[PDB]
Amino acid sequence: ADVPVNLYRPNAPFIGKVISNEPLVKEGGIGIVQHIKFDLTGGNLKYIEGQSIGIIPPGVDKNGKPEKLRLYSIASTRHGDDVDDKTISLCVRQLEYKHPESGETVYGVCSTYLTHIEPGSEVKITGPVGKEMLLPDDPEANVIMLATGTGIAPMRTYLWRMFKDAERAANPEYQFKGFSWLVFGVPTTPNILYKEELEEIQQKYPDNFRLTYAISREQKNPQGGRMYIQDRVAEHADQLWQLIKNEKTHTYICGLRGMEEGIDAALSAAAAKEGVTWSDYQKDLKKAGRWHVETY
């Protein structure tokens, strides 16, 4: 052990308490993505970067059976947002879809519950879960973050642990010296979750953190379509591949499914110029624990 896993399971979950539920999507954006913080005092839920936790929503489904957990990537570092080892945070988007056929807009159960949760409320938290999105202990490692929407959550945990002054002071063991690159694909600028903090990290650390955005409603790719994270990985395909070649580099992909086939096609052309088949180099990176994916 070292990596915490399942200190709380579904049968007897941690009764956490909401401290804050703040909006991430600013005025003019598409959606509601909230940053919810939960009090962890009273128990022993310790968690690490890249992990997730479950939230069991209240109520029953359409069949009468209780609602089962929904996994959410932790948006905070092990220390929490206030760097006190007392809280855990999440970056939750309210699932919403206008009809598979009929009855109009539908709202996701756990996501709506969470995006509208009030401070002081008790929540059923399980977790931590996941050994697939962990950050290397090596401060000199390079890390490529490929995020879309709520997949910004685990990237935030790496970036804050690496770049927040208080996190640095709390971690003498991890004083990040490498290069991290976030390619974040959101539909509008107000939809850039944690824009202020992401940008102020890139300002303090120009040579250590590069920030690339693919904003769908304000940018077009070289083919005239809307700008997606794949288009962005495509225009920087060579550089991205030149970094992937390093033994210390780690790549993280997170967000809803669908972005993986474009990131691959792009990194394939890059890699093919030097004689290597990306998919086979990738297979080896996964076995090596250096190519991390979590799409949902």
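Start at 1 and count along the sequence shown; that's the residue number.
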query	finding
Residue range whose averaged C-alpha B-factor is higher in the record, 243-251 or 61-69	61-69
Greater mean Cα temperature factor according to the PDB record, 207-215 or 93-101	93-101
Among 138, 118, 173, 85 - the residue whose C-alpha B-factor is largest in the record	173
Top residue by Cα temperature factor, when 51, 34, 41, 268 are compared in the entry	41
Third of the chain's Cα B-factor distribution that residue 275 belongs to, per the entry	highest
Position of residue 167 among the chain's modelled residues by C-alpha B-factor, lowest, middle or highest third	highest
Relative C-alpha B-factor of residue 122, binned into the chain's lowest, middle or highest third	highest
Modelled-residue ranking by C-alpha temperature factor, third containing residue 23	middle
Entry-reported Cα temperature factor of residue 237, expressed as the chain third it lands in	middle
